[PDB]
Amino acid sequence: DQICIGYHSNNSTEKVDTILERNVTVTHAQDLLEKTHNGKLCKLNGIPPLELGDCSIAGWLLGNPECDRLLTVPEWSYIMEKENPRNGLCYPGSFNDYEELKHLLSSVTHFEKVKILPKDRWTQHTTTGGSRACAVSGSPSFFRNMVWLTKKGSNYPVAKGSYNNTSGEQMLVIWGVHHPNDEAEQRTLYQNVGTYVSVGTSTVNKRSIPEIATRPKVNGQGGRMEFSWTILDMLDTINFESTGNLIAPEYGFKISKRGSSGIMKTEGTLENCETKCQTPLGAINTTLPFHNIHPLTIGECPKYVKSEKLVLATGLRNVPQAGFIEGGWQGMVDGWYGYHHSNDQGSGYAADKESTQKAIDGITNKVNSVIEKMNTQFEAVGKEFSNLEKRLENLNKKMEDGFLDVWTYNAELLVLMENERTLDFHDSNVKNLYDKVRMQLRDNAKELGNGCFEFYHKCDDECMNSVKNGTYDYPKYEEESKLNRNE
Amino acid sequence: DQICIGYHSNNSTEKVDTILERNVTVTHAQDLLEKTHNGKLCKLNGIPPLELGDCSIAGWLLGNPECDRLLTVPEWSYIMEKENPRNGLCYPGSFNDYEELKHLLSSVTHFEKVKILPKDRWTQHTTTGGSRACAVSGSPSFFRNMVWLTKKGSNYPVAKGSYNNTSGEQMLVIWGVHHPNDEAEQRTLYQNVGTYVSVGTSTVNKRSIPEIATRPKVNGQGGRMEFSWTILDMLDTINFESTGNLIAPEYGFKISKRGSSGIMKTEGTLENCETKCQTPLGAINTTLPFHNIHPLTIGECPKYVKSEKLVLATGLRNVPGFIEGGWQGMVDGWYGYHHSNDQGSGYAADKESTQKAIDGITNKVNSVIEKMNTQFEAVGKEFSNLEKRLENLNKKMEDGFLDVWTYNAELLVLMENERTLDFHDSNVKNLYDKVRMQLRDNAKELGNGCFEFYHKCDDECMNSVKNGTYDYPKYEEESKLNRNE
Amino acid sequence: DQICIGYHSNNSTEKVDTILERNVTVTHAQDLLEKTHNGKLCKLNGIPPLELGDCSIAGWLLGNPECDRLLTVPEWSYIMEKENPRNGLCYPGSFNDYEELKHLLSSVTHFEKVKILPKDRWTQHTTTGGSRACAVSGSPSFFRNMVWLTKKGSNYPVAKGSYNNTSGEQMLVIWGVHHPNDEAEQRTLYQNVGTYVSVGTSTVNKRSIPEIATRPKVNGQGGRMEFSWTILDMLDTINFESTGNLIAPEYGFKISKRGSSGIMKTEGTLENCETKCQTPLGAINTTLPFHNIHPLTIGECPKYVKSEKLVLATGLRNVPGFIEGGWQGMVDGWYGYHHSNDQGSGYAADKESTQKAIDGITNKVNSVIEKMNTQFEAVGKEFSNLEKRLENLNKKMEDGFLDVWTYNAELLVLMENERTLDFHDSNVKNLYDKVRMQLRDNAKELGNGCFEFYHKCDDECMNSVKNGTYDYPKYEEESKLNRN
Ligand SMILES: CC(=O)N[C@H]1[C@H]([C@H](O)[C@H](O)CO)O[C@@](OC[C@H]2O[C@@H](O)[C@H](O)[C@@H](O)[C@H]2O)(C(=O)O)C[C@@H]1O
Ligand SMILES: CC(=O)N[C@H]1[C@H]([C@H](O)[C@H](O)CO)O[C@@](OC[C@H]2O[C@@H](O)[C@H](O)[C@@H](O)[C@H]2O)(C(=O)O)C[C@@H]1O
Ligand SMILES: *[C@@H]1O[C@H](CO)[C@@H](O[C@@H]2O[C@H](CO)[C@@H](O)[C@H](O)[C@H]2NC(C)=O)[C@H](O)[C@H]1NC(C)=O
Ligand SMILES: *[C@@H]1O[C@H](CO)[C@@H](O[C@@H]2O[C@H](CO)[C@@H](O)[C@H](O)[C@H]2NC(C)=O)[C@H](O)[C@H]1NC(C)=O
Ligand SMILES: *[C@@H]1O[C@H](CO)[C@@H](O[C@@H]2O[C@H](CO)[C@@H](O)[C@H](O)[C@H]2NC(C)=O)[C@H](O)[C@H]1NC(C)=O
Ligand SMILES: CC(=O)N[C@H]1[C@H]([C@H](O)[C@H](O)CO)O[C@@](O)(C(=O)O)C[C@@H]1O
Ligand SMILES: *[C@@H]1O[C@H](CO)[C@@H](O)[C@H](O)[C@H]1NC(C)=O
Ligand SMILES: *[C@@H]1O[C@H](CO)[C@@H](O)[C@H](O)[C@H]1NC(C)=O
Ligand SMILES: *[C@@H]1O[C@H](CO)[C@@H](O)[C@H](O)[C@H]1NC(C)=O
Ligand SMILES: *[C@@H]1O[C@H](CO)[C@@H](O)[C@H](O)[C@H]1NC(C)=O
Ligand SMILES: *[C@@H]1O[C@H](CO)[C@@H](O)[C@H](O)[C@H]1NC(C)=O
Ligand SMILES: *[C@@H]1O[C@H](CO)[C@@H](O)[C@H](O)[C@H]1NC(C)=O
Ligand SMILES: *[C@@H]1O[C@H](CO)[C@@H](O)[C@H](O)[C@H]1NC(C)=O
């Protein structure tokens with residue numbers, strides 16, 4: 001006739017950390033952080049990305065001779081570009097608002113080349129110009145998308161061109177103006193002086209004047225070229241007029257499948273896989289709600305935290321050794337709480353039903369809640385800046401770092417707090433069960449000193465299950481117990 | 001014959017949430033989130049706002065003929081403007097640094113129109129130009145503040161004008177340049193080519209050259225007009241000089257009564273009402289410290305939280321001895337002192353514990369309100385179509401800060417709810433075992449959170465017991481004699 | 001033959017705060033905030049700063065005659081500059097991208113002046129020009145680092161100049177263009193009209209045109225000057241070419257020592273002392289991990305929080321058995337174990353719970369001071385008069401982040417205080433109930449929180465029950481006999 005209280009223990013070895021103690025041991029724990037990747041660039045949802053190779057965005061758009069494989073591109077999901085591309089602008093020059101164009105391009109998925117000004121339409125000029133900088137097989141050449149207008153014979157008639165956008169979507173147009181290096185070159189190229197280039201649309205008004213100066217040679221050239229761009233609207237019209245130094249476009253780019261994408265800076269190549277999201281260092285395939293690989297990602301993946309370990313305790317403090325004051329019992333595999341019984345006719349290792357289910361519900365509800373709360377984390381997006389906007393770059397970097405630090409601190413503190421609370425709740429529950437049993441057993445027994453007491457009158461297995469069900473009736477057979485303790 | 005401990009209960013049915021479980025019932029609860037608005041736009045401390053109606057800011061400033069009701073404007077409190085006003089620039093063109101002007105205007109309450117350059121002072125030019133773009137009653141017209149200088153006869157003498165700012169406050173001046181669409185138009189208008197417009201002050205020095213090209217027709221016009229602005233200082237002067245294509249001003253705006261204001265983006269209309277803080281969706285009249293209507297407000301108004309429920313539990317768990325449930329028969333205090341003597345009974349309560357309980361919860365609520373008084377407040381801003389990066393940066397800033405503060409508020413509320421519940425349980429248990437310890441062994445524990453007094457006594461006995469002055473040597477001998485049986 | 005449980009008490013009168021009540025007296029408390037300073041500016045790590053005085057950055061770089069002390073400058077640590085310097089541009093004008101230049105200069109520790117275009121090389125023009133705006137001792141003068149080119153006789157031949165950067169590091173070059181105020185002045189100064197100034201490098205291409213207009217008189221002059229700057233790279237070349245209105249440079253600045261520094265907008269003068277961190281109000285020499293002096297600091301120094309009190313408790317709640325209050329005579333540990341046998345008494349304390357309490361306190365202190373080590377730092381910046389939106393956005397940045405971090409710190413310390421007090425109470429109660437549990441029933445609880453013993457034990461009994469080695473079946477027959 002003996003019953004005692006304890007808890008289930010096993011041979012686990014995982015460890016967790018709390019606000020007051022470190023590397024403490026627990027019965028069951030669940031990880032929350034993913035830190036492995038396959039280290040490859042692979043397809044996203046079956047749509048292979050666009051591999052720029054050695055070229056650059058400007059080289060691809062203008063049609064550099066080297067980038068001959070990019071004359072027609074299918075749909076893509078993200079753009080892969082190197083850090084310092086080689087084949088950029090073959091003829092030296094610049095590009096106004098490069099970074100704005102890149103930011104706009106970041107959210108475009110497909111393109112469509114449209115011929116807006118056929119080359120042969122210029123019947124009063126020369127259109128076969130080319131330089132040695134952009135040369136193939138020794139012979140000079142030029143970009144594949146623009147036309148160089150030079151005087152034919154000995155005169156340069158005024159050049160006029162216009163287009164009405166009836167394609168069906170917004171169009172992107174690029175044009176350029178050439179700056180010579182000395183007056184003799186200007187005279188022998190355009191047979192005029194003091195020329196101008198004027199571009200007009202419904203909302204854009206521009207008029208540029210070529211500049212002549214002496215500059216250091218780049219790629220064996222003393223000249224320069226300056227390019228500009230604009231977004232042509234629906235049913236609008238753009239007008240071209242110049243007296244020289246004009247680089248007219250020959251193709252227009254029409255946005256067709258505007259979606260969500262990004263630009264990724266890496267040096268890798270393209271493999272054959274299929275992931276759910278991509279990272280510059282590789283691809284991630286996991287279900288945990290956290291990762292610490294790289295702050296910039298494309299697709300869908302868990303949040304990024306700048307930590308290294310995040311372990312959530314969901315069990316008892318494993319303290320292996322017939323009572324709860326010495327430790328748990330290895331023989332308990334059914335429930336989480338000890339209700340060991342030992343009658344005269346036999347013993348048993350029963351558990352308590354009420355406590356186990358409430359504990360299970362509490363822990364699963366709390367796990368769901370802690371997962372759910374952090375769903376509003378901050379996310380980062382790549383951006384570009386020129387060399388005259390250092391303040392903006394500093395501001396952007398500070399934003400990213402500050403928000404990442406704040407969220408990291410929040411998550412770590414929450415996890416440590418939760419571990420501590422879980423341990424305290426479990427131990428509180430164990431004393432709660434014990435003293436509930438003690439008051440239920442109105443005297444009639446003495447504590448041996450092993451966290452449990454021995455009954456002073458002989459009950460039976462019916463009495464055991466009656467006490468277990470919280471249905472013990474003290475005045476029912478109290479007289480025999482009184483007689484026994486009278487001894 | 002015995003006394004028992006319990007706690008007061010009632011029939012309230014409000015629900016709160018905590019970290020461990022959700023949707024639990026407490027006797028008394030408080031609310032912190034306000035989520036109702038009257039859906040109207042009205043005054044602000046008796047100062048009606050400025051209702052631009054169907055005009056944009058540029059149209060009002062330049063003096064578009066449509067916005068003829070805004071020629072003179074009294075003091076205002078905030079400015080209401082539609083998303084895409086119809087009457088903006090009648091003559092097609094552009095405005096330089098529009099967004100900076102709007103941001104500067106966001107913190108000015110009153111204006112004052114001052115005539116600086118009288119129209120009749122130009123005695124060597126023609127000042128009756130106009131166009132069909134800004135036409136009233138069929139006849140061509142122009143803006144009501146600028147002057148279009150054209151050639152008189154067949155010559156265009158150089159134009160000179162100046163003004164010295166002695167008004168007594170900073171001034172705002174606007175001028176403009178005109179770009180024709182062909183050489184013949186320029187020759188017909190100004191008789192000369194290769195002209196220029198020069199503007200010079202003590203700090204700003206500028207010079208523009210008119211540009212000629214062919215453009216698509218907008219509003220039936222091929223030309224364009226470019227406008228620029230500057231701020232004059234006290235006791236400063238500004239000099240105008242040009243040979244053509246000059247759009248001279250006639251009125252300067254003097255800044256008086258600088259204060260705090262804003263720009264409001266809505267399609268509503270002013271009504272007859274009074275409020276204390278205003279939102280794009282309506283007014284707010286409440287004393288709670290939180291709301292979730294709209295992030296942009298004007299005037300003093302509670303903090304904004306992107307959530308939907310915020311309830312602070314200040315009571316006990318509701319259930320129907322203290323181990324079986326509470327008692328509805330107790331309303332004076334909080335904790336149970338069910339007394340039942342031989343000659344009577346009672347439902348007294350511990351007045352002492354109630355005092356520390358109520359002051360604790362009150363200062364807790366006050367502190368919780370206090371900690372979040374330093375919230376982050378958003379401010380409206382405007383960006384052109386060439387600063388998408390800046391606009392994205394600003395939007396990300398706002399969303400990040402709002403999310404951070406929302407998370408903080410929710411976590412704090414849950415923490416406090418759990419702490420309060422555990423605290424109340426702790427005081428109940430502490431009172432129980434303290435009473436048991438004071439009573440020592442001169443009784444028998446009935447096992448129902450109540451022990452039956454074993455020593456016989458009148459009201460003085462347990463009166464001293466609740467007073468904490470129970471004397472063991474008073475009734476140890478008789479109790480021992482009785483329990484010896 | 002009696003024992004009782006208690007806790008050590010002292011006479012300390014330091015009050016702490018918590019989320020439940022205010023101004024609670026404790027036994028031992030720490031501090032984490034520093035709020036004092038010497039109110040002086042002096043050397044950082046033994047390297048004196050650069051003291052501009054009354055000259056702005058432009059005045060120093062161009063070589064204003066007033067700032068003659070700054071012709072040669074040694075290494076520095078940070079730059080001291082008044083908010084509205086007087087001796088700026090002696091000749092009225094402007095500067096292109098002034099703020100970008102200041103931001104770039106914020107991270108440079110030493111310069112090096114190199115003569116790239118000697119003055120006498122211009123043999124076809126006149127280089128003795130000067131104005132009354134920058135006048136020393138009555139006679140007209142000019143900037144010390146620029147050359148003004150005028151007509152030579154009655155002709156202005158085309159001016160050309162070039163320089164190849166072989167110095168060995170990145171160089172900074174400054175040039176300028178002159179805007180007259182009337183046509184007669186332009187003719188009498190340069191003999192030509194419709195001139196231009198052209199500057200060309202491997203990356204920068206520019207061509208400006210002088211502008212003529214009427215302007216108000218500033219400093220007695222109606223003209224204006226416009227300056228620009230660029231960064232010359234390794235083995236690059238810069239070409240100058242103009243036909244008038246050119247302000248050619250004479251010295252090039254070479255970036256020698258690159259490091260970390262900043263610009264401080266102060267008003268005082270350099271003093272003679274040493275420090276490790278510097279703030280616009282004074283120097284800080286402490287070891288606590290927080291301060292509330294000024295958001296902008298230079299060097300290494302604790303973090304900035306916008307609070308007024310951060311007190312951490314690390315001891316029992318001070319209050320004069322354990323139910324009556326503390327023990328003034330307990331000076332050994334933290335949990336009393338009062339021993340009193342028939343032959344004598346004792347004041348032994350528990351040496352077990354003390355060590356775990358101490359190590360837990362140390363662990364929590366380290367954790368709290370370590371969690372915030374990844375805080376946010378503020379860096380000074382400057383914005384022009386047409387970038388109000390940028391300045392507003394920067395201010396909102398700084399204020400928001402500071403508020404977030406100070407709120408987090410206060411919340412953490414309050415929770416820590418609550419947990420510590422509750423933990424100590426739990427420890428003492430647990431010790432008492434554990435002692436009672438081992439005692440079994442051979443004593444009667446007097447009511448002072450401790451029980452008078454039943455059967456006459458001795459010092460061996462006393463130390464055995466102290467060690468948790470009591471054996472109830474060993475010696476209880478005497479208790480049973482005397483129970484009657
Ligand atoms: C229409 C055209 O392409 N013309 C020239 C072109 C231009 O004259 C100029 O180079 C543009 O910047 O240059 C090309 O020949 C260049 C050649 O010109 C000599 O005069 C000079 O001495 C050489 O050093 C070299 O620059 C070219 O390949 O760039 C093509 C064509 O002759
Ligand atoms: C001084 C003035 O305002 N004159 C004209 C003005 C200008 O001549 C010019 O059009 C503004 O850019 O324009 C207006 O008249 C011109 C009108 O002439 C028709 O023949 C033509 O078909 C129209 O497109 C238009 O150019 C005008 O209506 O804009 C008014 C004024 O007489
Ligand atoms: C560009 O093409 C569109 C499409 O034809 C032109 O819009 C038409 O204009 C005529 C006016 O002569 C109207 O009768 C049609 O109804 C318009 N079409 C539509 C679909 O609205 C537009 O005018 C052209 N652009 C220019 C500058 O002429
Ligand atoms: C603009 O008006 C102001 C005020 O009339 C002029 O300032 C005065 O200038 C004279 C010239 O010596 C001084 O004697 C006065 O003391 C000035 N007034 C004050 C109040 O100080 C100013 O000169 C005028 N601007 C111009 C360009 O003449
Ligand atoms: C500036 O000076 C450098 C240093 O001499 C020049 O670089 C040399 O150029 C010649 C070409 O004739 C090469 O043979 C040398 O090997 C280069 N030197 C080094 C160290 O690489 C440079 O060319 C000069 N700048 C210009 C525009 O000529
Ligand atoms: C080469 C030169 O410096 N010339 C003269 C200049 C110019 O003529 C203009 O004034 C400059 O804008 O002006 C002064 O007369 C003057 O008033 O200080 C000084 C000098 O005699
Ligand atoms: C722990 O016990 C389980 C029980 O099945 C067993 O499989 C496992 O090997 C044990 N681990 C060790 C390290 O013995
Ligand atoms: C104890 O915890 C620390 C973390 O502070 C850890 O580095 C160490 O490995 C742990 N001890 C053991 C035996 O794992
Ligand atoms: C991702 O991992 C799961 C197992 O964790 C596997 O079943 C699945 O095939 C993986 N996905 C890919 C694309 O390899
Ligand atoms: C209370 O909240 C719980 C949360 O799971 C929900 O299941 C339950 O339906 C809610 N009760 C009511 C009455 O809405
Ligand atoms: C706001 O509501 C209270 C509630 O009674 C009312 O007394 C008060 O008049 C209201 N405010 C205004 C401006 O009407
Ligand atoms: C301690 O703090 C409380 C805050 O409620 C304040 O009322 C009291 O005056 C403070 N003590 C002293 C000595 O100022
Ligand atoms: C900083 O304070 C400590 C405190 O004693 C002192 O020893 C040290 O000399 C101080 N440092 C300086 C530079 O004065």
# chains A, B, ... in the order shown; residues from 1 in each chain; ligands from 1
>>> residues_near_ligand(ligand="ligand 12", cutoff="10 Å", atoms="only C-alpha atoms and all ligand atoms", output="PyMOL selection string")
(chain B and resi 363) or (chain C and resi 15-17+21-25)
>>> write_last_selection(atoms="C-alpha atoms", output="PDB file, in the first residue's frame")
ATOM      1  CA  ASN B 363       0.217  52.440 -10.770  1.00  0.00           C
TER       2      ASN B 363
ATOM      3  CA  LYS C  15      16.492  52.701  -3.465  1.00  0.00           C
ATOM      4  CA  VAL C  16      15.632  50.881  -6.691  1.00  0.00           C
ATOM      5  CA  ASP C  17      12.590  50.844  -8.970  1.00  0.00           C
ATOM      6  CA  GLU C  21       6.186  49.820  -7.025  1.00  0.00           C
ATOM      7  CA  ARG C  22       8.580  52.743  -6.680  1.00  0.00           C
ATOM      8  CA  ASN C  23      11.537  53.635  -4.459  1.00  0.00           C
ATOM      9  CA  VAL C  24      12.155  50.329  -2.691  1.00  0.00           C
ATOM     10  CA  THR C  25      15.127  50.042  -0.342  1.00  0.00           C
TER      11      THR C  25
END
>>> residues_near_ligand(ligand="ligand 10", cutoff="10 Å", atoms="only C-alpha atoms and all ligand atoms", output="MDAnalysis selection string")
(chainID A and resid 365) or (chainID B and resid 15:17 21:24)
>>> interface_residues(of="chain C", to="chain A", cutoff="7 Å", atoms="only C-alpha atoms", output="JSON, numbers by chain")
{"C": [198, 200, 201, 202, 207, 237, 239, 360, 363, 364, 374, 376]}
>>> write_last_selection(atoms="N, CA, C and O atoms", output="tab-separated table (two decimals), in the first residue's frame")
chain	number	residue	atom	x	y	z
C	198	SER	N	36.87	74.90	-69.91
C	198	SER	CA	36.71	73.48	-70.15
C	198	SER	C	37.68	72.69	-69.29
C	198	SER	O	38.87	72.98	-69.26
C	200	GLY	N	38.71	68.59	-68.38
C	200	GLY	CA	38.51	67.22	-68.82
C	200	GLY	C	39.46	66.23	-68.20
C	200	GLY	O	40.68	66.42	-68.23
C	201	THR	N	38.92	65.16	-67.63
C	201	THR	CA	39.73	64.05	-67.14
C	201	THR	C	39.25	62.75	-67.75
C	201	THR	O	38.44	62.76	-68.68
C	202	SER	N	39.73	61.63	-67.23
C	202	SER	CA	39.31	60.33	-67.75
C	202	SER	C	37.89	59.97	-67.35
C	202	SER	O	37.36	58.97	-67.86
C	207	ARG	N	32.10	71.84	-69.23
C	207	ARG	CA	32.38	73.08	-69.95
C	207	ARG	C	31.38	74.12	-69.49
C	207	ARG	O	30.18	73.97	-69.74
C	237	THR	N	45.23	61.94	-65.69
C	237	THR	CA	45.61	63.24	-66.20
C	237	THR	C	44.41	64.16	-66.18
C	237	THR	O	43.27	63.72	-66.38
C	239	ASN	N	43.13	68.02	-67.70
C	239	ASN	CA	43.45	69.01	-68.73
C	239	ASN	C	42.60	70.25	-68.54
C	239	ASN	O	41.37	70.17	-68.46
C	360	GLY	N	24.44	33.23	-10.12
C	360	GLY	CA	23.30	33.68	-10.89
C	360	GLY	C	23.28	35.19	-11.06
C	360	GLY	O	22.97	35.70	-12.14
C	363	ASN	N	25.90	36.04	-13.60
C	363	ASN	CA	25.47	35.64	-14.93
C	363	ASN	C	24.46	36.63	-15.50
C	363	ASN	O	24.56	37.04	-16.66
C	364	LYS	N	23.48	37.02	-14.69
C	364	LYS	CA	22.46	37.94	-15.18
C	364	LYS	C	23.04	39.33	-15.44
C	364	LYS	O	22.68	39.98	-16.42
C	374	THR	N	25.25	45.51	-29.33
C	374	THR	CA	25.02	45.70	-30.76
C	374	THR	C	24.12	46.88	-31.03
C	374	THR	O	23.32	46.87	-31.97
C	376	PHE	N	22.93	51.01	-31.73
C	376	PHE	CA	22.99	51.84	-32.92
C	376	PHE	C	23.84	53.08	-32.65
C	376	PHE	O	23.70	53.72	-31.60
>>> closest_residue(among="B:462, B:310, B:89, B:149", to="residue B:289", atoms="only C-alpha atoms")
B:310
>>> residues_around(residues="residue C:193", least_positions_apart="4", cutoff="12 Å", atoms="only C-alpha atoms", output="list in words")
residues 156, 180, 182, 183, 184, 185, 186, 187, 188, 189, 209, 210, 211, 212, 243, 244 and 245 of chain C
>>> write_last_selection(atoms="N, CA, C and O atoms", output="PDB file, in the first residue's frame")
ATOM      1  N   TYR C 156      44.539  88.005 -75.041  1.00  0.00           N
ATOM      2  CA  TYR C 156      44.293  86.892 -74.129  1.00  0.00           C
ATOM      3  C   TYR C 156      44.449  85.600 -74.914  1.00  0.00           C
ATOM      4  O   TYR C 156      43.462  85.018 -75.380  1.00  0.00           O
ATOM      5  N   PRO C 180      31.363  88.130 -64.181  1.00  0.00           N
ATOM      6  CA  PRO C 180      31.375  89.587 -64.009  1.00  0.00           C
ATOM      7  C   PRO C 180      29.978  90.127 -63.773  1.00  0.00           C
ATOM      8  O   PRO C 180      29.027  89.349 -63.666  1.00  0.00           O
ATOM      9  N   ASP C 182      28.897  93.265 -65.555  1.00  0.00           N
ATOM     10  CA  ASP C 182      28.475  94.063 -66.698  1.00  0.00           C
ATOM     11  C   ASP C 182      29.451  93.830 -67.840  1.00  0.00           C
ATOM     12  O   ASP C 182      30.579  93.379 -67.633  1.00  0.00           O
ATOM     13  N   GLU C 183      29.001  94.159 -69.052  1.00  0.00           N
ATOM     14  CA  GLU C 183      29.799  93.872 -70.239  1.00  0.00           C
ATOM     15  C   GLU C 183      31.096  94.669 -70.253  1.00  0.00           C
ATOM     16  O   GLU C 183      32.131  94.171 -70.711  1.00  0.00           O
ATOM     17  N   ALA C 184      31.060  95.912 -69.772  1.00  0.00           N
ATOM     18  CA  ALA C 184      32.268  96.728 -69.765  1.00  0.00           C
ATOM     19  C   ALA C 184      33.355  96.094 -68.910  1.00  0.00           C
ATOM     20  O   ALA C 184      34.531  96.084 -69.293  1.00  0.00           O
ATOM     21  N   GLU C 185      32.980  95.558 -67.748  1.00  0.00           N
ATOM     22  CA  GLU C 185      33.953  94.892 -66.892  1.00  0.00           C
ATOM     23  C   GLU C 185      34.545  93.671 -67.580  1.00  0.00           C
ATOM     24  O   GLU C 185      35.759  93.441 -67.522  1.00  0.00           O
ATOM     25  N   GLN C 186      33.705  92.878 -68.242  1.00  0.00           N
ATOM     26  CA  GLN C 186      34.206  91.706 -68.945  1.00  0.00           C
ATOM     27  C   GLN C 186      35.189  92.102 -70.033  1.00  0.00           C
ATOM     28  O   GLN C 186      36.247  91.484 -70.182  1.00  0.00           O
ATOM     29  N   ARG C 187      34.858  93.140 -70.800  1.00  0.00           N
ATOM     30  CA  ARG C 187      35.755  93.581 -71.859  1.00  0.00           C
ATOM     31  C   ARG C 187      37.070  94.091 -71.291  1.00  0.00           C
ATOM     32  O   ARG C 187      38.143  93.776 -71.814  1.00  0.00           O
ATOM     33  N   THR C 188      37.013  94.872 -70.217  1.00  0.00           N
ATOM     34  CA  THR C 188      38.235  95.429 -69.657  1.00  0.00           C
ATOM     35  C   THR C 188      39.063  94.407 -68.896  1.00  0.00           C
ATOM     36  O   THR C 188      40.235  94.673 -68.617  1.00  0.00           O
ATOM     37  N   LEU C 189      38.493  93.255 -68.550  1.00  0.00           N
ATOM     38  CA  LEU C 189      39.252  92.233 -67.842  1.00  0.00           C
ATOM     39  C   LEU C 189      39.779  91.130 -68.744  1.00  0.00           C
ATOM     40  O   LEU C 189      40.872  90.618 -68.494  1.00  0.00           O
ATOM     41  N   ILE C 209      30.121  78.333 -68.981  1.00  0.00           N
ATOM     42  CA  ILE C 209      30.089  79.602 -69.697  1.00  0.00           C
ATOM     43  C   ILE C 209      29.877  80.722 -68.689  1.00  0.00           C
ATOM     44  O   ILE C 209      28.962  80.639 -67.858  1.00  0.00           O
ATOM     45  N   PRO C 210      30.694  81.770 -68.710  1.00  0.00           N
ATOM     46  CA  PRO C 210      30.471  82.885 -67.790  1.00  0.00           C
ATOM     47  C   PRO C 210      29.136  83.552 -68.061  1.00  0.00           C
ATOM     48  O   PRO C 210      28.685  83.652 -69.202  1.00  0.00           O
ATOM     49  N   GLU C 211      28.506  84.012 -66.989  1.00  0.00           N
ATOM     50  CA  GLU C 211      27.202  84.651 -67.041  1.00  0.00           C
ATOM     51  C   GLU C 211      27.324  86.086 -66.553  1.00  0.00           C
ATOM     52  O   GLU C 211      28.023  86.359 -65.576  1.00  0.00           O
ATOM     53  N   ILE C 212      26.637  87.001 -67.229  1.00  0.00           N
ATOM     54  CA  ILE C 212      26.676  88.419 -66.898  1.00  0.00           C
ATOM     55  C   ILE C 212      25.272  88.871 -66.535  1.00  0.00           C
ATOM     56  O   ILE C 212      24.320  88.611 -67.279  1.00  0.00           O
ATOM     57  N   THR C 243      39.406  80.251 -72.532  1.00  0.00           N
ATOM     58  CA  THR C 243      39.705  81.507 -73.206  1.00  0.00           C
ATOM     59  C   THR C 243      39.327  82.712 -72.356  1.00  0.00           C
ATOM     60  O   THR C 243      39.065  83.787 -72.899  1.00  0.00           O
ATOM     61  N   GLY C 244      39.284  82.552 -71.038  1.00  0.00           N
ATOM     62  CA  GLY C 244      38.968  83.654 -70.152  1.00  0.00           C
ATOM     63  C   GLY C 244      38.160  83.235 -68.944  1.00  0.00           C
ATOM     64  O   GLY C 244      37.600  82.138 -68.920  1.00  0.00           O
ATOM     65  N   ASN C 245      38.089  84.107 -67.939  1.00  0.00           N
ATOM     66  CA  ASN C 245      37.289  83.868 -66.740  1.00  0.00           C
ATOM     67  C   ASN C 245      37.664  82.556 -66.059  1.00  0.00           C
ATOM     68  O   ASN C 245      36.800  81.816 -65.592  1.00  0.00           O
TER      69      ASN C 245
END
>>> select_by_dssp(residues="stretch 100-155 of chain C", states="alpha helix (DSSP H)", output="PyMOL selection string")
chain C and resi 100-105
>>> closest_atom_pairs(of="chain B", to="ligand 4", cutoff="9 Å", atoms="only C-alpha atoms and all ligand atoms", output="tab-separated table")
residue	atom	partner	partner_atom_place_in_ligand_line	distance
B:163	CA	ligand 4	1 (C)	8.4
B:164	CA	ligand 4	1 (C)	4.9
B:165	CA	ligand 4	1 (C)	6.5
B:166	CA	ligand 4	2 (O)	6.0
B:235	CA	ligand 4	1 (C)	5.4
B:236	CA	ligand 4	1 (C)	6.3
B:237	CA	ligand 4	27 (C)	5.9
B:238	CA	ligand 4	27 (C)	8.8
